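Visitor: Got a structure for you, questions after.
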Amino acid sequence: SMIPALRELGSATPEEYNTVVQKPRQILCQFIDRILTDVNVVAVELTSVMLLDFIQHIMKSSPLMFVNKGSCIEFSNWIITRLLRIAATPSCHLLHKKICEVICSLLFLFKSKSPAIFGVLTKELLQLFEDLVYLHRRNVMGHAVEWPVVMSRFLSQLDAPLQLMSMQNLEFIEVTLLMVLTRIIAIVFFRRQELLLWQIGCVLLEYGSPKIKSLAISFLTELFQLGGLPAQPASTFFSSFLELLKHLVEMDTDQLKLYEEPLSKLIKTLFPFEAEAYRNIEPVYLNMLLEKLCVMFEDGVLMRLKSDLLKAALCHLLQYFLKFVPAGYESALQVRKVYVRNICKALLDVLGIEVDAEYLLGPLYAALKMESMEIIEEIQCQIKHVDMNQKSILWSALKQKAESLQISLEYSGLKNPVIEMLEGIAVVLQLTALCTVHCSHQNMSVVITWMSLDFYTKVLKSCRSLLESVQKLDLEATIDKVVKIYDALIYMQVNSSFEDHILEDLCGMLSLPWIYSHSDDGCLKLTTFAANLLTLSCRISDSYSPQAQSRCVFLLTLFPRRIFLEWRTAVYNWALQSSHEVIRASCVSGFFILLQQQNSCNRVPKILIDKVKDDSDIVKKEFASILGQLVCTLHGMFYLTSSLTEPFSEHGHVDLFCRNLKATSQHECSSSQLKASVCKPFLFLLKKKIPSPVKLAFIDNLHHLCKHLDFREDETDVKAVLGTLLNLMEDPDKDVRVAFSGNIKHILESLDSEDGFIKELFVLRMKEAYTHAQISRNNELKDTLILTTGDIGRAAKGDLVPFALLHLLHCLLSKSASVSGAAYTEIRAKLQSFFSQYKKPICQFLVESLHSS
Amino acid sequence: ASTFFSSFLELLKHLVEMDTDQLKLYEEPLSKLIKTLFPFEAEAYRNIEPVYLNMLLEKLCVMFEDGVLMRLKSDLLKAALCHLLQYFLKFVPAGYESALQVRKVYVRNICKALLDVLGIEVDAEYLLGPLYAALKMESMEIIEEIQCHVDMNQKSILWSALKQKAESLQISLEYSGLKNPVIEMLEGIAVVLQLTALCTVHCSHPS
Amino acid sequence: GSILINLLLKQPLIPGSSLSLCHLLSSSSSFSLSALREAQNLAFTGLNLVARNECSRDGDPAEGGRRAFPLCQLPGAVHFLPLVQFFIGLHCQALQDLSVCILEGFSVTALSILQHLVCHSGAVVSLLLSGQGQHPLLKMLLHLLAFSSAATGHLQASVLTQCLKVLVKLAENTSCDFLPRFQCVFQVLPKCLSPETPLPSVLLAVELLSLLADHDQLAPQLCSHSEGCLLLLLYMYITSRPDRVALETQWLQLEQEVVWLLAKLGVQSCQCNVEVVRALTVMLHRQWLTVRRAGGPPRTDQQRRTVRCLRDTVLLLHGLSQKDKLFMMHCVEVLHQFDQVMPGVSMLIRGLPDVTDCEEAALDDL
């Protein structure tokens, strides 16, 4: 209030500052003395907010009002207590957050200036919280509460004391201080302190409302993320955790709204897919956990629960226990075999009743694939052909289950819930494909049987009819289903193509939408299926969904053969101008190869290079991402194949699992000798203004791209291209700049030799860069450039390392922003002998600077 | 068994809380059971899985350290417990129930509790047998150890403790005399002397 | 809790040697076998005793007070030791003598046992920390520890780690007052920190240096004596890798532990004040050099540990700057790295959404 003297602490000494500011502290307390002396002083109806806002503002602005002696200490303790009494009232809830911010940021300030005071304050706060949780225990423990209480900490003799009369008070104060702790964890974290935090978290969790339990769950997550859990705390935590999991299915929706996110966060962070995360855990705990997982599963939980998310956490945990935890840690092996067997029986039992069964995919595939590997291995003892049906009970059970579903649907669409059943068949097919491909160590000498081609034909009959008479109501979901099905089918047939007719037939349903309504051309004339499917096409084409449409288009683009190829290419071009940017992305990501199948293995499509030249930058992002192997497409016949493309490394919400392939030359992938005349149609993407994401994706593709393209050939156009490229380094985007810095390594790994002209353009463009930098004074750009040069040098071989070294050495003669201190040491990857290598040029690097003296 | 022993031990622990009439109910049949299940006759323990007896002795040391010996009312039940302790000392060996050291711990603690009661009760007879048994066991083990003159009081903490307690009661008389309880203190002194005599005579056997 | 049984019966106590407790008891081949059998009998007796554990149920009211996270009193455990100390002696008796390759294995196993015990029991802790007349086990460890470190025996790689896990768990499960019993550690921590030691050992020694630094009379035992000083060893180490396996993740664990140590020491209230900042800068430049290039949001756990370390180091350095205003002078040698990092790390932390008024204030101060 006495703003002038408040600001001008003035003559107030380090010893008298305390007293000079005692009066300001008195004024602030007078403020707090009344507006917040008691809880219901006002109908909260929520002006007082301005008071806490001023507390926070003056905290941020003038530290001396609080700190700089013991008076300052009890002052806060006096203040804090005036707040805690507010954090206990329900009606005051809408301030409790402002209190989570007032208490917070204040411990912060104290940390910034007077750590020791912060440490002692934290110790009092923690002794307080400990008393509170022990009281919670004693309360639900069935012992005395004596609700009239003191909770005597932060004790201030300055001159109301603290008391929680109802579990409203205790729960509220606890949740508030708990949020504060979730903020200040790191500042408070220490060795012996961590066990205390663990103890109070476990107290809350074993005993507390569900809300406080979720809060403490997030808290414990941050704790395990900061310092891991020791043994002393575990047992309690795990008992609580498992009892909670068991209680889940017997839990309410809102209750689920509480436990939903933090529980999944905790489980993912405490049971992560990255291996060696189990060593932190005492096996006994994990065996108990697996027992309770089997129990939850064996109890029909998955149909009983509601949150599709939480089921995702469960499936993730199961995937962990399947693959990343090695048998021999959780328990002996047979116990694990038995458990997983039973849980998989259940995971099977569920599928026909859910609409989205994907989360069942990771673990089901994981078990199928584990057994496949162990089987091909034990029999790798002695080609070696094998059959799968009679091998694993899970496999043939899944098989006959898919059969039961296909059939019960075959009897009537009405007697069957179409979507869940089509989904069951589709997931079984997805698993058949994923496993027949990757499980087959031949792809990694053994071969293995899988689901039946007659069954494939059966379902191919069934799907159209289910659609053909779905009453036009649920059709759309069925389009999505058939999309997924055909996707699995097509991944499979790519691994091993089938008899033509089955492949011929398929091409119809994939082309279904755009056959009837508008084709009316000769492609459908010479096409067989079209005349057969005219009626269903006129029934359906208008119903196809844009996402699903682009899906089908990408699928057809995947459809490889000298089979209706003209028609596939026709529809690909048609959709190339489809008015649907999703469809345009699919169009590019499929034509990139659909054309190399067509003819003219010479250069890129003019049609595409123009279409891409237009807007919908996402199209150009994927355009570069696909260019990455369009280069090799205009090379040896593209030998389509998949990466491991397994589901977990991807987000799992996979649309068209087939959308993971990136092909290669059929054989003899000679030096592409790419004259770069095609890169010009491509590099135009790098106009220095396109969305940085596309430029970054192209910088990424540069890795694969380097080897193919040739550089000595046509020095002129190649050098123009390289200049277009080095237009990157001065790009205003930053991540693109650093990525180009890192990939100049790949480039100069491709370069045949260190010609002079290339070193010449290097020096020219880097001088241009440093000049634009200092003329602009863009230190960020200076750092990007120093890193680009450091990479070019650490990778360069000949006279170039000398040049980048000259540049770094000149940079060493500059102001704070001299990253060289890092680089010119990195180049060692013998400072004295290395100087000797260029001692003579090195000294020259000095002379010009010495022209200053 | 396990079920029966859980019930039995929980019942024992609850005893001191039992009231006069409910006590009356449990009084005779419980002593009868425990005598028919824990008799001095040797080899009657082989029927019993040792862990059961260890759990029993645990709850027994607990009840005794729980102040029962002087709280409880039924002389029948205090006699039964004394009989059980006398069984765990004499009729049963060591090694079957458990290792020795923990056995010594228990018996020493219960003997301390028993030393705690002398001046209180008027009839301490039931208190006698178990003590004499422990003291004979010690005296024997001690002379055999020496056989690899000797005194007692210093050897066993329990002996010296007992003699000190007797002296304490004698002085308590000397100072306040008659107002001090003229009875059951004499009984404590007289049992101290009874044991002095018995274990001077029998525990006898220059060294 | 009761899980002590499961822990003791864990099939491989250490990965390798396939030696469980059973493989310790059933060995008819210091005590002279006049106590081997007796101790084995104590062992299985205590096994039964704990397999009962009526205690740690329905709350165990007695559980509470000091001994942060009160360790559930498992009195049966108290009976295991005479065995364990028999073997720790046959390690000691076999030591102090100018083969042992076998006996030392039983000793490692028994040390793992004692580790689990001290982890989940409180009566054993009261005993050991009690009687100076230290329970023979404590001395059996300490007279070994020097031999655990001074001698780079092929097996001295492990016995040390286990004795350290034991000492540290015992300092954790216990209270603050008894630590003056731990006082004996300081005569041996230096050898425990020699550059000939591997990452996991120095790590435990740091954790324990902290657990002692919580004690009033104990902090100076950090660098009461300015020379050698049980520091500048930690820093010469954190800077110049004396280990070769040196799995970067391990070095991150160690940076993190050293940081938490520095922070506790600074807040609780040598020539060494000077080297610390040099080492922190070397460390930090060791971090910022890693994550920057990867950029974007760190989905990697290693990246998250690194970020936590960087934020904590920044706050720590702000406290430093609050002290020893010559910090710029002592920083002169590395001001290059310092100003080649500080701006980028400030940019980063600003990018972080978990920012703190402390982080912002500090990064601005520099």
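Visitor: Using a ≥ b ≥ c from the Cα gyration tensor of the protein assembly as shown (square roots of the eigenvalues), is it rounded, prolate or oblate, where a/c under 1.5 gives rounded and otherwise the larger of a/b and b/c decides, a/b for prolate?
Guide: It is prolate, given that a/c is not under 1.5 and a/b is the larger ratio.
Visitor: Give the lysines whose C-alpha is closer than 18 Å to that of B:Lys59, dropping any in the same chain fewer than 8 places away, or say none.
Guide: Cα-Cα hits under 18 Å: B:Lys13, B:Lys35, B:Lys78, B:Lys104, B:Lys112.
Visitor: May I pose another question? Amide H of A:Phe638 versus every other amide H placed in the peptide plane: which residues, excluding those fewer than 5 positions away on the same chain, fall under 5 Å?
Guide: Counting only residues 5 or more places away or on other chains, the set is A:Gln666.
Visitor: Among C:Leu24, C:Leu127, which comes first, second and so on when ranked by fewest other beta-carbon atoms within 10 Å?
Guide: Final ranking by Cβ density, sparse to dense: C:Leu127, C:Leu24.
Visitor: Here's a follow-up. Could you run the Karplus curve 6.51 cos²θ - 1.76 cosθ + 1.60 with θ = phi - 60° over the range C:180-187 and give me ³J(HN,Hα) per residue in whole Hz, x for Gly and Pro?
Guide: Here the 3J(HN,Hα) series is x, 6, 5, 2, 3, 4, 4, 6 Hz.
Visitor: Explain nothing, just compute: Karplus ³J(HN,Hα) = 6.51 cos²θ - 1.76 cosθ + 1.60, θ = phi - 60°, for every residue of the range A:311-317 in order, whole Hz, x for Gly and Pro.
Guide: Once θ is set to phi - 60°, the couplings for the range A:311-317 become 4, 5, 4, 4, 4, 5, 4 Hz.
Visitor: Then there's this: Report the charge-dipole magnitude of the range C:226-282 in Debye, nearest 20, computed about the Cα centre from +1 at each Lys and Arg Cβ and -1 at each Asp and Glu Cβ.
Guide: 40 debye
Visitor: May I have the extent of the alpha carbons of the range C:137-201 along their three principal axes, as whole Å values ordered from largest to smallest?
Guide: Extents along the principal axes: 36, 21, 18 Å.
Visitor: Sequence-distant or interchain residues sharing an amide H contact under 5 Å with C:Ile14, placed H: which?
Guide: C:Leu19
Visitor: Right, another one. Taking the number of other C-beta atoms within 10 Å as the exposure measure, put A:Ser452, A:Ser818 in order starting with the fewest.
Guide: Going from sparsest to densest Cβ surroundings: A:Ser452, A:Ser818.
Visitor: Along the charge dipole of chain C, pointing to its positive end and built from +1/-1 on Cβ of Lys, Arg, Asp and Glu, which listed residue (C:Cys309, C:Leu141, C:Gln183) has its Cα farthest out?
Guide: Looking along the dipole axis, the top candidate is C:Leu141.
Visitor: I need the shape label for chain C. Rule: rounded when a/c is under 1.5, else prolate if a/b > b/c, else oblate, with a, b, c from the alpha carbon gyration tensor. Before the final figure, lay out each step's value.
Guide: On the way: a/c = 2.11, a/b = 1.87, b/c = 1.13.
Taking the square roots of the gyration eigenvalues as a ≥ b ≥ c, chain C is prolate.
Visitor: Taking 1 over the mean of 1/r across every pair of different Cα atoms in the range C:11-81, what Kirkwood radius in Å do you get?
Guide: Details: mean 1/r = 0.0688 Å⁻¹.
Value: 14.5 Å, from the Cα pair sum.
Visitor: May I have the pair-distance distribution P(r) for the range B:34-158, computed from all Cα-Cα distances with 10 Å bins from 0 and rounded to whole percent?
Guide: 11, 44, 34, 11, 1
Visitor: Next question. For the range B:128-143, just list the computed ³J(HN,Hα) in residue order, Karplus coefficients 6.51, -1.76 and 1.60, θ = phi - 60°, integers in Hz, with x standing in for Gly and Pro.
Guide: 8, x, x, 4, 3, 5, 4, 5, 5, 4, 4, 3, 4, 3, 5, 5
Visitor: Next question, about the same structure. If the cut-off is a Cα-Cα distance under 15 Å, which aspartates and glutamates reach A:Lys606, setting aside same-chain residues fewer than 8 apart in sequence?
Guide: Filter leaves A:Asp614.
Visitor: Based on the Cα atoms of the range A:345-458, what semi-axes does the equivalent ellipsoid have, where each is the square root of 5 times one gyration tensor eigenvalue, given in whole Å with the largest first? Numbers along the way, then the final one.
Guide: On the way: eigenvalues 155, 40, 24 Å².
So the three semi-axes of the range A:345-458 are 28, 14, 11 Å.
Visitor: So, one more: About its Cα centre, what dipole magnitude does the protein assembly as shown give when the only charges are +1 on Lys and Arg Cβ and -1 on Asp and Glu Cβ, stated in debye to the nearest 20?
Guide: 2520 debye
Visitor: If neighbour count is taken as other Cβ atoms inside 10 Å, put C:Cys358, A:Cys669, A:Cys507 in order from fewest to most.
Guide: Going from least to most buried by this count: A:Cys669, A:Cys507, C:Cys358.
Visitor: Under a cut-off of 16 Å between alpha-carbon atoms, report the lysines in cross-link reach of A:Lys839, not counting same-chain residues fewer than 8 places apart.
Guide: Those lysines meeting the cut-off are A:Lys830.
Visitor: Let me ask another. Listed here are the pairs A:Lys123/A:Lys213; A:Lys695/A:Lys767; C:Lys264/C:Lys323; A:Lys472/A:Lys525; A:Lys369/A:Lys458; which of them are more than 20 Å apart at the Cα? Mind dumping the intermediate values first?
Guide: Values: A:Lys123/A:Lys213 23 Å; A:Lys695/A:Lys767 23 Å; C:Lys264/C:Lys323 16 Å; A:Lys472/A:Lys525 28 Å; A:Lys369/A:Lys458 26 Å.
Result: A:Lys123/A:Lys213; A:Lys695/A:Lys767; A:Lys472/A:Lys525; A:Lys369/A:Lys458 exceed 20 Å.
Visitor: Cα convex hull of the range A:708-842: how many Å³ per residue?
Guide: Convex hull of Cα atoms, per residue: 112 Å³.
Visitor: Follow-up. In terms of the Cα gyration tensor, with a ≥ b ≥ c the square roots of its eigenvalues, is the range A:463-546 rounded because a/c is under 1.5, prolate because a/b exceeds b/c, or oblate?
Guide: oblate
Visitor: Expressed in nm², what is the orientationally averaged projection area of the convex hull enclosing the Cα positions of the range A:8-66?
Guide: Over every viewing direction, the Cα hull of the range A:8-66 projects on average to 4.6 nm².
Visitor: Based on Cβ point charges of +1 for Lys and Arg and -1 for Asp and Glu, what charge dipole magnitude is obtained for the range A:169-270 about its Cα centre, in debye rounded to the nearest 20?
Guide: About 380 debye.
Visitor: A further question follows. Rank A:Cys344, A:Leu248, A:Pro262 by how far each Cα sits towards the positive end of the charge dipole of the range A:224-375 (+1 on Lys, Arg Cβ; -1 on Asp, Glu Cβ) and give me just the farthest.
Guide: A:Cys344
Visitor: While we're on this one: Could you list which residues have their amide H under 5 Å from that of C:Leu74, counting only those 5 or more apart in sequence or on another chain, with H placed in the peptide plane?
Guide: C:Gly122, C:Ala123, C:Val124
Visitor: So for the range A:540-584, taking the charge dipole from beta-carbon charges (+1 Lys/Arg, -1 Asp/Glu), which of A:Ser578, A:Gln549, A:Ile563 sits furthest toward the positive end?
Guide: A:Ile563
As a convention, Cβ positions derive from the backbone with ideal geometry for all residues, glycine included, and neighbour counts pool all protein chains shown. Bear in mind that the values in this text are calculations on the coordinates, not laboratory data.
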